[PDB]
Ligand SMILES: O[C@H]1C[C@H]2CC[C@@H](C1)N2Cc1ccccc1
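Quick setup: one chain, the form deposited without the ligand, written in structure tokens, and binding and motion questions come after.
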């Protein structure tokens, strides 16, 4: 019993983190085989960051302008190129601790773990979700650019995020490992605004199923509802509308608990119209939307990784 915001074990990722310095600007890099990946704004000074010309800035750089450190061992850069918003530094040493890995571009609503790093060293690990407006609610300071987000799938580490920047509302933006930003953001210090942060309804439902599994059942009622009537209510509270695909996805959790998906929707519909009456659910006083249905199964059935 119990339910915590759980992160993946970070050991396979800690061994890939390096420090990348260009001039006076430092950030983190991801060392896979003989290539180091890092955000391209490492080549900016303070003066370049309002309107950087990355093509022109990169043509003035040579391999020796990049200082790459793995602990105390220095890695010499033997090649460099730009792929979208990511630099790829060819180094002379292949990382012996390179795990089996994949580069994946995730969708909003999916969760992953972030290994926050500074100066190539790990600071901490935590779990987050890609918000529907393509930001994440992270914990990042100056120096943390290049920290990565990941999922572990059996033996293969799936890299899905590399941190770049913070938006004026305290939320964060980054790219996939091919350099393409999540959302309409660009890597320059201009005024950029995030869209509406809607609540991920399918995740709230899965979290409510986690609550039942853990003995928290006070919110269950004998009512039922239709998808149409629930969605009319949910659009009023800035929840994402539910589709038949979401119903199918909650199938196994509904079957394990004996609560039909539309009965659980009726329960959620009542919690929106009446609030939580000062009560808590799984130790929370807010409806939690950063657990996917797979996250719940994985925690409540003890799924382990190699």
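Residue numbers count along the first chain shown, from 1.
As for the form solved in complex with the ligand, it is not shown, yet the points below apply to it.
This chain appears without its partner; in the entry with it bound, the one residue of 74, 198, 93, 123 with a heavy atom within 4.5 Å of the ligand is 198. The ligand is not shown here, and in the entry with it bound it never comes within 4.5 Å of any heavy atom of residue 244. Residue contact with the ligand in the entry with it bound: residue 239 places a heavy atom within 4.5 Å of it. A residue is said to contact a partner when one of its heavy atoms sits within 4.5 Å of a partner heavy atom; residue 235 meets this definition for the ligand in the entry with it bound. The ligand in the entry with it bound is approached by residue 132, whose closest heavy atom lies within 4.5 angstroms of it.
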